[PDB]
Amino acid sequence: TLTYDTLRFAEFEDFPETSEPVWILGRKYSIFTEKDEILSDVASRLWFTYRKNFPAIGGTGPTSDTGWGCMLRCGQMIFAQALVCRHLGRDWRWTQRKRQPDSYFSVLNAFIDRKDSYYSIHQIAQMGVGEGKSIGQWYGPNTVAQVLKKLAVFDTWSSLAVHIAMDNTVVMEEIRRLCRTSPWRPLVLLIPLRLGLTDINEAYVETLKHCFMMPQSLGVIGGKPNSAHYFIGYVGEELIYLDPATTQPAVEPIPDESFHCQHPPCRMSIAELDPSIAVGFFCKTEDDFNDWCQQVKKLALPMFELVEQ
């Protein structure tokens, strides 16, 4: 019998050597002993990239979103992470050969490049028209968040409460009112921000890092100039993210390997993050929301403020 040099999963990790913990959506890992866990957590997140050869949007529109769907894809990723937490739990992990829960395929199906899927590129681009965005027009964080909120209305399976806190202010009373509607609808809290004109004041960095250190952390969408990313954590002075900027063929059945980024997580200097972002948090229960509020209070400078009315 042959003995192989079995190249273990996390053997391909390219992490820098200065061991500050590694945070991924509310979970802290040691780059020294938890390489496997880090990579599993990263690869488990639903990854959405450019796709080609999907049904022509609107019947006569694009059959690929390469070059224009990047922020829509980041929007898909952060919203999908919310659905993953809502349906599978934050502790769920994907495995290439392990049979996944049917609820997993229901989440993935919602983002497949099909007209009838709740959050497909087709649905987002078309719904975006209503927000004043032509098909193929670039989006900013808030816009995609607003589109996802409208699309979530039709997703009676998830029955989410989607609150997009505008004006740097999170109004708890409005959040409670929305969640207690038709007793608590899981909350997807999105906070679109503009932390500076061209850069982010270093004073917000500590606060930004902490946005990835909460149990409810959904991460952040934004990016480098002309490069939108879905940031899921950080290590040292670098953000960790999933990049949609790779065109992959539309999936033809659901084979799901292309929806999982099984490579060392991308990293970029926190300093390079553009000020236009959207921070996300998921609060499944009212107690989760209360805890989140408490965690925010605990927090150099704030990125947004929590208020009652």
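Counting begins at 1, following the sequence as shown.
*Taking residue 226 and residue 227 as adjacent modelled residues, how many residues of the deposited sequence between them have no coordinates (none, 1 to 3, 4 to 9, 10 or more)?*
Gap between residue 226 and residue 227: none.
_I want to verify a possible break: how many residues of the deposited sequence sit between residue 299 and residue 300 without any coordinates (none, 1 to 3, 4 to 9, 10 or more)?_
The entry has 4 to 9 unmodelled residues between residue 299 and residue 300.
_If you take the mean CA temperature factor per stretch, which one wins between 45 to 53 and 29 to 37?_
Here the higher of the two C-alpha B-factor means belongs to 29 to 37.
*For the C-alpha atoms alone, is the average B factor greater in 206 to 214 or in 79 to 87, going by the entry?*
206 to 214 has the higher mean C-alpha B-factor.
*Kindly indicate the residue among 133, 93, 73, 97 with the greatest C-alpha B-factor in the PDB record.*
If I rank 133, 93, 73, 97 by C-alpha B-factor, first place goes to 97.
_residue 249 - which third its CA temperature factor falls in, relative to the rest of the chain_ = Its C-alpha B-factor belongs to the middle third of this chain's values.
*What third of its chain, lowest, middle or highest, does the C-alpha temperature factor of residue 194 fall into?*
Tercile = lowest for this residue's CA B-factor.
*Lowest, middle or highest third: where is residue 260 by Cα B-factor in its chain?*
Tercile = lowest for this residue's CA B-factor.
_Please say which third, lowest, middle or highest, residue 113 falls into when its CA temperature factor is compared across its chain._
As the PDB entry reports it, the C-alpha B-factor of residue 113 lands in the lowest third of its chain.
*Determine, from the deposited record, the chain-internal third of the Cα B-factor for residue 184: lowest, middle or highest.*
It falls in the top third of the chain.
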